[PDB]
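Given as structure tokens, the chain that follows is alone and in the form deposited in one PDB entry.
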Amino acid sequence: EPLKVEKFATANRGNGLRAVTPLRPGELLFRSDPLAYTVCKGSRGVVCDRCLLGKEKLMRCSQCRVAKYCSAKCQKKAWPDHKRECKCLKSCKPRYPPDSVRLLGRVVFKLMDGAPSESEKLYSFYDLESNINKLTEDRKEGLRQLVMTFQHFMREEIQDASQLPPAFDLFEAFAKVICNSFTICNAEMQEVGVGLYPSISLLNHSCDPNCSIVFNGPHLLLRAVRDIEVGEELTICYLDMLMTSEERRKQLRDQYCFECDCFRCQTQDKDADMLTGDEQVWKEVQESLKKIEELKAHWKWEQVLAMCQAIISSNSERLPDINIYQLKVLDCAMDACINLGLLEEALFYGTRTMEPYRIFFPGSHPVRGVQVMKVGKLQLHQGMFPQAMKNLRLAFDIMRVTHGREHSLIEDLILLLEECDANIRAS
């Protein structure tokens, strides 16, 4: 087309994006590569720095030995955007910067040395919201420490303002990174990276959004997940869906500097179901999930499983599977079992998540699509063809909207549907 989306000034949430034309569910609205991105702390040396895909053997950069790649192609193609950070990562070994500092280093090299980035077509890094006039004194102290970390990390390549863009202010730049960073998940919906996508950063938040984002490696696809009218604002949910209105309030304040008065937040929509079961038990499970989630972020599946089994099959009191902390534990146990080849056990945990996921991911949401695909795949390979086909079709109905033909995972699902339908054809 011309574009289906445009920048505008909203009445009370800054700049946003609105529909130029009526939009239908599954319609591709925009796509972008990042201005800058990096692998997250826990996936470092587990996934390729460039394509964010995993592999038993990664090859490191010989100069810094921090960057690791899946292939010669990826190591070579990454070199231009790695060249300057390489000198810094080496210089500062064995100190590894926070992900926000590595990210901002890549922003500064891209803006100093690169051609104008296609990622900034609708909105640039310069234009991003910083919320500087709402930052608490505590936040400002933490930004000051990031600035001093960046100055330390980058000293080999950046000694003064001459090597930053004109009137670039590192404090403001970090403030922009906090409230504009995208979390990059792999095809299995595991966090692997963080990136800046300035055009896409126009999207304001809704706890019941009309669009979704998905990632195919570092590439971001924005799709409609509802009917949208001409002039209607486009929204995504910035947060994990498995959060109460109080948890959403805390993160939207702390990270985004705004108060949400949507219907869901006004009515604590779903919070009572999410916290069913005995509070003493779900409080302990919430506490244990800090460690389980840290182990998962480091791809430590045997330790994830052990901790999850101690909860799911506890000798002591148990939670209903609609309890969000129980549900996260089931999720982590399912993924651990898939990665360990414990496929009967995986399917047990995955099937228990299906009804909670139907409730907590209403309409078309990519996380529920992928979860249903995983369960259907487990059923297909265990010879449960009618159960598998039902789940793979449901996954397709969701993923055709959330992922679309432009996402390679849809090709993988199409192959599973074909295999399943050959089996029912022969039956």
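Just so we're on the same page, rigid core means the largest C-alpha set that superposes within 1.5 Å between forms. The numbering used is simple: start at 1 and walk along the sequence shown.
The same protein also has a form deposited in another entry, omitted here; what follows describes it.
Of the residues 316, 268, 145, 136, just one CA atom moves 2 angstroms or more between this form and the one not shown under rigid-core superposition; it belongs to 316. Superposition of the core reveals a Cα shift of less than 2 Å for residue 24 between this form and the one not shown. Taking the rigid core as fixed, one finds a CA shift for residue 114 of 2 Å or more between this form and the one not shown.
Core-superposed comparison between this form and the one not shown: the CA of residue 421 exceeds or equals a 2 Å shift.
In contrast to the form presented, in the other entry the C-alpha positions of residue 315 and residue 332 draw closer by 3 Å or more. In comparison with the shown form, the Cα-Cα distance of residue 320 and residue 315 decreases by at least 3 angstroms in the other entry.
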